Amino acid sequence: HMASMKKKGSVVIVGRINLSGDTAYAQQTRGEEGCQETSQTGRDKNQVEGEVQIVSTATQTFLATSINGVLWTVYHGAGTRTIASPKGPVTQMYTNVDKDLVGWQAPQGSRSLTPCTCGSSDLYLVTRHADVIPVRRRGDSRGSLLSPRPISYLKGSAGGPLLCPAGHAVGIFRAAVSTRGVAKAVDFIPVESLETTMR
């Protein structure tokens, strides 16, 4: 049994959500074959740019967001996996199954969002398809969608950011709250929880 035991691959950056300009849009930087190879080696020589990465395992594609020099995502997507990097696989710097949170050192080339200090409740969720959806904050870890969507619309957005009007990071999207397939609210990991994890 031992000789044939497999290893899980690395998480692989396969694109980004470009927020650098007037228009939000998803860009793909690696196709499926390159992703599969890179997951195996853990060696990714692609140049990273931006705050929000699109990331993949063998089974899921989701998001990861840089805040304070850490690339954050959800445990339910990444598990305990390494992330591929120019120098080989990079081990998680944070792992917290209870928070549904993991982090790696932010890749060179990435830009980080700053944690929000505004203490305000009018937010914006960035999805894996680069939609920017208004969300009213309803508690420390929940927000309501101003316009409800089918859950399919949010699938694969876990790990992406909720932002304040000034563009600071307020949280990391975790899960939709749904009834009969329709999302009217979102659960997120508040940035203060990340800040506690960091300090």
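The numbering used is simple: start at 1 and walk along the sequence shown.
- Averaged over their C-alpha atoms, the temperature factors of 167 to 175 and 66 to 74 are higher for 167 to 175.
- Annotation for 38 to 46 versus 146 to 154: the higher mean temperature factor (C-alpha) is found in 146 to 154.
- Note on the listed residues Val191, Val186, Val12, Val182: the highest Cα temperature factor in the record is that of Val182.
- Looking at the C-alpha B-factors along this chain, the one for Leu123 belongs to the highest third.
- Compared with the other modelled residues of the chain, the Cα B-factor recorded for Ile133 ranks in the highest third.
- Among the modelled residues of the chain, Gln53 sits in the lowest third by CA temperature factor in this PDB entry.
- Placement of the Cα temperature factor of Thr117 within the chain: highest third of the modelled residues, per the deposited record.
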